[PDB]
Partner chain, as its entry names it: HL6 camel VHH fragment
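Below, in structure tokens: the form deposited without the partner chain, a single chain.
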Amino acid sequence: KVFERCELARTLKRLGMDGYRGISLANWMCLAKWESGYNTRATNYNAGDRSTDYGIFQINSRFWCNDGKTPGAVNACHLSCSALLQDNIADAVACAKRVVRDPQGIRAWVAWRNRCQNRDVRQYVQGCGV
């Protein structure tokens, strides 16, 4: 499923993402935008280390979900990576919450540092009613 901007904003707010571990809703919106373009079925194979990024938040199989083919990987979210490819983002959101519970926080995603950190991210949520 490819979410429309405000539709996603409202969904994330309902799932409790606004201010989760100090991360504003607009930061989550910026992250999803640059990681997948708000596309839940996005997959990205990393030839360099044999891991794959799954779903709307492009969560990596090396540490967060199990896909069985990633060497020396763990499954901290305790989920099959298949769960992060559903149209319903509940599981993806629960896992993202797990990721930011680590000390790096939102910084765990390099794309956030490049395109969201220290920027005016208000644009991602303007006019959505959240």
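Numbering follows the first chain given and starts at 1.
- Set 98-106 against 25-33 and average the Cα temperature factors; 98-106 ends up higher.
- Looking at mean Cα B-factors across 89-97 and 39-47, the upper value is held by 39-47.
- The PDB entry assigns residue 59 a C-alpha temperature factor belonging to the lowest third of its chain's modelled residues.
- In the deposited entry, the Cα temperature factor of residue 111 sits in the top third of values across the chain's modelled residues.
- Annotation for residue 52: CA B-factor lies in the lowest third of the chain's modelled residues.
- For residue 75, the recorded CA temperature factor ranks within the highest third of the chain's modelled residues.
- For residue 11, the recorded CA temperature factor ranks within the lowest third of the chain's modelled residues.
Form deposited with the partner chain bound: not shown, discussed below.
- Looking at 65-102, the residues that come within 4.5 Å of the partner chain in the bound PDB entry, counting any heavy atom, are 76, 77, 78, 79, 90, 91, 94, 95, 97, 98, 101.
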